[PDB]
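**Q** Just dropping this structure here.
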């Protein structure tokens, strides 16, 4: 199937120079694989998955050096942004970046990403063409004009089309040691007399994406249905449930459906006493 | 491997 | 400025009284990233609480999984108390074994 790599980078300032804290996290196929954190005693890129321990000390030293440069870039940018937004000294501020690439099942580049956020809000983003920039804010225009003149987009295009794809191909070869299908069941819960709660659980699944539906007649009952956001069990898998209020006795009339990419086809089930 | 950023914001 | 944390409190495995389990407190969709998370047993701080490392989602907002081991009983209450700049007062959500 398809593959991806991402680097999520953050710098956070707090009042009191001291310098900002810089954290970099790498992901391959939406799973953390490397991590740098400037708060560490001896700041380094560290492996975060067993398959990454293959890499020798030359890798870790190269990447650590890059992280130190990125840390400085974030410092300077954070300071520039304070001026752009006429923010005074005395506050907390956040600068974030997402960079990386999507590959198809054929391992060809499908899309490059290069986005920034300030205070948790979109600041500037390289468009899918990898040539032009989207910048909402009036302040972000200063940046966009600068980066048009500096040829920033071509620089990042080169990394996204080259190094990103190259390195992702490498990491995909190094990592051989999936989907986990959900296991669903309905639980019976009492409610205000006459009514009951049927709650459909999905457990043990990976990736997190899943849909739960209740039907009568049927006729999906989105209106009054209750659910929770998909949550990590903590073991690498996810949980979710959906529930509905139902007249007592007439519970065999309602059916829960579970849609997941790991399934050969959707699961259909109901309460079994 | 992660990007090396170009010009500052 | 700020996005207010969404909180779920729930167990790793299906809960069974007297059976050792793990209690999760899952806090998502918040900004700024600094946050204080406490897990409570009968209103008292559980001391040995493990916290996942700083992470953010593709919508820029931050999330954390706090977790601790617990052996639930019929009548012990469990909760998660979250303190964040987006909220005037800390928020407590209680563990409900059916949810």
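All of this is worked out from the model, or read from it or from the source named; no laboratory instrument gave them. Positions of Cβ are generated from backbone atoms using ideal geometry, with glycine treated the same way; all protein chains shown enter the neighbour counts.
**Q** Which of the residues spanning the range A:36-53 are surrounded by fewer than 20 Cβ atoms within 10 Å (Cβ to Cβ), within 12 Å of chain C (Cβ to nearest Cβ) and assigned to a strand (DSSP E or B)?
**A** Hits for the range A:36-53 are A:37, A:46.
**Q** Given the conditions (1) more than 14 Å from chain C (Cβ to nearest Cβ); (2) part of a strand (DSSP E or B), report the number of the one that residue A:177 does not fulfil.
**A** Evaluating residue A:177 over (1) more than 14 Å from chain C (Cβ to nearest Cβ); (2) part of a strand (DSSP E or B) leaves (2) as the failure.
Residue-by-condition table, conditions (1) at the interface with another protein chain (Cβ under 10 Å from one of its Cβ atoms); (2) closer than 26 Å to residue A:25 by Cβ; (3) surrounded by fewer than 17 Cβ atoms within 10 Å (Cβ to Cβ):
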{"residue": "C:12", "(1), (2), (3)": "yes, yes, no"}
{"residue": "C:19", "(1), (2), (3)": "no, no, yes"}
{"residue": "C:28", "(1), (2), (3)": "yes, yes, no"}
{"residue": "C:51", "(1), (2), (3)": "no, yes, yes"}
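**Q** Residue by residue through the range A:135-144, note down the ones that are outside any loop (DSSP other than H, G, I, E, B) and more than 11 Å from every other protein chain (Cβ to nearest Cβ).
**A** Residue satisfying the conditions is A:141 alone.
**Q** Which one of these does residue A:68 not meet: (1) farther than 24 Å from residue A:101 by Cα; (2) more than 10 Å from chain B (Cβ to nearest Cβ); (3) in a helix (DSSP H, G or I)?
**A** So the condition that residue A:68 fails would be (1).
**Q** Check the range C:24-33 and report whether any residue there is assigned to a loop (DSSP other than H, G, I, E, B) and out of contact with any helix residue (DSSP H, G or I) (no Cβ under 9 Å at 6 or more places or on another chain).
**A** Checked against the condition, which is being assigned to a loop (DSSP other than H, G, I, E, B) and out of contact with any helix residue (DSSP H, G or I) (no Cβ under 9 Å at 6 or more places or on another chain), the range C:24-33 yields at least one hit.
**Q** Scan the strands (runs of 3 or more DSSP E) fully inside the range A:196-273 and keep the ones with 1 or more residues being under 19 Å from the mean Cα position of the chain (by Cα), surrounded by 15 or more Cβ atoms within 10 Å (Cβ to Cβ) and not assigned by CATH to the domain that holds residue A:29.
**A** In the range A:196-273, A:238-247 are the strands (runs of 3 or more DSSP E) which contain 1 or more residues that are under 19 Å from the mean Cα position of the chain (by Cα), surrounded by 15 or more Cβ atoms within 10 Å (Cβ to Cβ) and not assigned by CATH to the domain that holds residue A:29.
**Q** Let me ask another. Which residues, taken from the range C:80-99, are closer than 16 Å to residue C:61 by Cβ and more than 14 Å from every other protein chain (Cβ to nearest Cβ)?
**A** Passing the criteria: C:82, C:87.
**Q** Could you grab me the full set of residues in the range C:53-68 that are within 10 Å of chain A (Cβ to nearest Cβ), assigned to a strand (DSSP E or B) and within 20 Å of residue C:86 (Cα to Cα)?
**A** Result: C:55, C:56, C:62, C:63, C:65.
**Q** Taking only the range A:183-197 into account, find how many residues are more than 21 Å from residue A:265 (Cα to Cα) and away from chain C (no Cβ under 12 Å).
**A** Of the residues in that region, 5 qualify.
**Q** Wholly within the range A:89-134, which strands (runs of 3 or more DSSP E) include no fewer than the required count, namely at least 3 residues that are within 17 Å of the chain's Cα centre (by Cα) and buried (at least 22 other Cβ atoms within 10 Å of the Cβ)? If you could, list the steps in order and put the result at the bottom.
**A** On the way: elements: A:93-103, A:109-118, A:121-126.
In the range A:89-134, the matching strands (runs of 3 or more DSSP E) lie at A:93-103, A:109-118.
**Q** Another question about this same structure. I'd like to know if the range C:35-42 contains one or more residues that are exposed (fewer than 15 other Cβ atoms within 10 Å of the Cβ), touching a strand residue (DSSP E or B) at 6+ places or on another chain (Cβ under 7 Å) and assigned to a strand (DSSP E or B).
**A** First pass over the range C:35-42, keeping only residues exposed (fewer than 15 other Cβ atoms within 10 Å of the Cβ): C:36, C:42.
Within this subset, residues satisfying the condition of being touching a strand residue (DSSP E or B) at 6+ places or on another chain (Cβ under 7 Å) are C:36.
This time we only want the ones that are assigned to a strand (DSSP E or B), so: C:36.
Within the range C:35-42, one or more residues are exposed (fewer than 15 other Cβ atoms within 10 Å of the Cβ), touching a strand residue (DSSP E or B) at 6+ places or on another chain (Cβ under 7 Å) and assigned to a strand (DSSP E or B).
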